[PDB]
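Take a look at this single chain in structure tokens; it is the form deposited in one PDB entry.
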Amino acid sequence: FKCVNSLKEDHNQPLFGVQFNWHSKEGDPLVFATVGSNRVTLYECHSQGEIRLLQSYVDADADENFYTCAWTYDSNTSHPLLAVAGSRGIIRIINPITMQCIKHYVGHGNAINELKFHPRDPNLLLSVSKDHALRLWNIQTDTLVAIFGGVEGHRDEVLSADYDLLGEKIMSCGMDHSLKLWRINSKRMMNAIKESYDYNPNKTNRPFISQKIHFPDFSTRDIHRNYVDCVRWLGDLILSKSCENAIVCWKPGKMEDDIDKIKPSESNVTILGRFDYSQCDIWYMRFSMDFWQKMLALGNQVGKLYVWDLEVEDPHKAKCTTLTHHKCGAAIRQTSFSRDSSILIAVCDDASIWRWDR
């Protein structure tokens, strides 16, 4: 990777999120979204390092602060869609062509820290909240499918979550130091999703009933000793980080325990490796993977990038490379690889954007 360009957004506030559109069409340029201040902005990547500015959505509320974005597509038309959310606790579904807000969702109106789309169903949107809960939405029928909470759920802000390969289960994490597993392939949850698709408020009298899921299928506080701010599945394994200069690769149970045989009472975890780095000991820093999960990237609080090659026989054998530029000195909150892994974008606390090409 070589640094080919940079720019800075005019608001001078942190860029909290960046996402390439992995649903961009054949023959079209690569496009990414950034979120920070009260805005979302789209850019196109072009030759000779060009980062072409397109158009923003700016929230009507000057005090909104967007924290997260995620791409999907319209399941009927195929056109890409962009979901954004943050401090106001309002999910906005944005038409990226025109930057129009198509529709919006409110749960209880508390800050949303992350959004994720289901890997198999483009209508299923997961939000994680300052109010300690996760929420699963069906953005086709505009229904709240389930709330994941209760006293056995998270006890402080939820900071991150991720679906596994097939979207059968979710791992969440947050300020309570815990990582929690929630199965969504239970008979109850499969039925709830089916019912959400059958719901049309114009054709019935009932409100749509959301599931209240009050018991995770696994929980641990044994991986990290501070706020857990990023989690991703790697097959049946988990990658997660806190502010302790480490991404830990771990699994529930003992070494030979099948993820799908793990009981809610499971008291053990197995550590398969740990990727250490430097100067990333502030809260709220995300790592990202490429589409194929061959590579892992994380920025630190002084503008350095770490990239791990995961194409090795066991997690602890990952090969690290580092990327620095003398002008890039601000904290990198998130990175995003293009779908083909040819471009890596980093976004920063000073509203700067850095493009690395290979």
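For clarity, a rigid core is taken as the largest C-alpha set superposing within 1.5 Å between two forms. Residue indices: 1-based, along the sequence shown.
Separately, the form solved in complex with a partner chain exists; it is not shown, and the next lines address it.
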Residue contact check: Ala192 to its partner chain in the entry with it bound, 4.5 Å heavy atom: no
- request: Classify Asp198 as contacting or not contacting its partner chain in the entry with it bound by the rule of any non-hydrogen atom within 4.5 angstroms, answering yes or no.
  value: no
query: With the cut-off set at 4.5 Å between non-hydrogen atoms, does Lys116 touch its partner chain in the entry with it bound?
result: no
message: With a cut-off of 4.5 Å between heavy atoms, is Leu126 one of the residues that contacts its partner chain in the entry with it bound?
response: no
- request: Pick out the one residue among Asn191, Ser278, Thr98, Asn268 whose C-alpha shifts by 2 Å or more between this form and the one not shown, once the rigid core is superposed.
  value: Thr98
field: Exceeds or equals 2 Å, Cα of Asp314 between this form and the one not shown, core fit
entry: yes
- request: Specify closer or farther for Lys317 and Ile259: how their Cα atoms are spaced in the entry with it bound versus the shown form, given a shift of 3 angstroms or more.
  value: farther
message: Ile259 and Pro315: their C-alpha distance differs by 3 angstroms or more in the entry with it bound. Do they come closer or move farther apart compared with the shown form?
response: farther
